[PDB]
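Below are two forms of the same protein chain, given as structure tokens: structure 1, then structure 2.
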Structure 1
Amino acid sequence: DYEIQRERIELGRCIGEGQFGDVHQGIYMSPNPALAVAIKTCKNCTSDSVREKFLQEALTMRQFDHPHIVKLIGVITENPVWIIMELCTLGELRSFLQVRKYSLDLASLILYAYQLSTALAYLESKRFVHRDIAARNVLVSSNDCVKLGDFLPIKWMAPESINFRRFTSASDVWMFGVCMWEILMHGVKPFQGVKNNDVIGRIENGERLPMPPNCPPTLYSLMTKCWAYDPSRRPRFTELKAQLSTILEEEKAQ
């Protein structure tokens, strides 16, 4: 159904490293003659136990269809086993933001947050809990378009996830707060120089990540709402989407 004949794929250069092996860009020739694609490879998929786990990412991704979630294009299930995805040409978000620290305007940063919130409101409506929302798992398709990729990170995790391994859409909202902070910090990691074991203590003392330089206070406020200790007091993703739209439109008007 989405099994792709290997001769329709031209493997190109290695563009990254994955859990199971190198990621390449490539070209997919279909009945579009030259579609740019990402190809996830798997070093040890000659073993079926590894193959089953590798190909699970594809099965998971197949269930989603959203403009801000990376699309599965297809798979090749014989050795070498590949997963074919749309290429996000500008690569990982953190690296992208770091090199454009002084060249992306604030409206673009807010747009990325908004776009991610639309993907996450979609996932919440599908009753899908992500568990790992972080800038490391976001890819850049174009200067005006980011997409959620992936499918313990203590410094991103909600207190209930840390303490009791509770994961819900409300814990995803906490993580998304941290991801928004990362974006407005131009790809700096949260709690740099702080030991993982000490994170929950700071949180429990009422401390939170600080307002990023040049971040609109309305937007930092929204981040802080994501970091309510009580998950029931956090906004739902649809509310974040609504508020981010307003913040975005206000910034576009500057």
Structure 2
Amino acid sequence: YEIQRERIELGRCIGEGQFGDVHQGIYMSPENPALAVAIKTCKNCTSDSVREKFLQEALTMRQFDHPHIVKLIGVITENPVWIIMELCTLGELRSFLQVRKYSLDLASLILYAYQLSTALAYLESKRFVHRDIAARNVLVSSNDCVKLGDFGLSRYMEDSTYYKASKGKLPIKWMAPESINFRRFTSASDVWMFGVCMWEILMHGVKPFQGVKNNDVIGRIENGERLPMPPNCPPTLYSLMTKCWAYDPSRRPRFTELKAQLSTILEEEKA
């Protein structure tokens, strides 16, 4: 996974990161055609403890290879340490959906749900629990291709859930009841979150339970209330989302079933 720095053309800064600026750039690969990349830099990785914390991201990402999961391209372990990932040129899914609300067809929305279900069926095959399935963790490579990633300070921390609570940023509005009540995160709770993520896509990047306090969400869910059917959502798609939201995790579908059903809904929409 080691990359030669001279083969990277470092472009503009596209964001801030916990360890240093994140830039876009070009990787003039010796084996593959030139590719656009996102480059995470690390200002203090000359320190072994800082370097190990920063590189945890490369260690996690290196395990996976799927067309709808952000790919790790490589690492430069000589100072300054860089992590090189594929660039998703169209950026965050939420802003993309908001800007193109009147331009995107329903078929494109279902296609994004379908592509994410393939990424999640793949992670479930590896017995990997994502823990934060939400539109904030999805990037857009093109108008017909989205990619699942993961972002946030809590990912670098030893006690990830504890950090979120300290700042009151636990994603209660996306979480399965067993994750809220017992801090249980499984393939079934990822399914619950995926249902909320499909709702966000159909709602064109609107957040769930807007204007509702976190403490009140728990009560509503326990009482059987669920996010409403988005406008223009096919009834079969809503039925699928309501199955993701079964209070009992054993009644929820698995991602292989979600993928097969989303493929059928997409085919029917396009027809």
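Residue positions are counted from 1 along structure 1's sequence. Note that the rigid core is defined as the largest set of C-alphas that superpose within 1.5 Å between two forms.
- The Cα shift for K43 between the two structures, taken after rigid core superposition, is 2 angstroms or larger.
- With the core held fixed, the Cα of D105 is displaced between the two structures by less than 2 Å.
- Annotation: rigid-body hinge motion between the two structures, rotation of the minor part against the major part equal to 12 degrees.
- Relative to the superposed core, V188 has its Cα moved 0.2 Å between the two structures.
- Overlaying the rigid core between the two structures leaves the Cα of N197 displaced by 1.2 angstrom.
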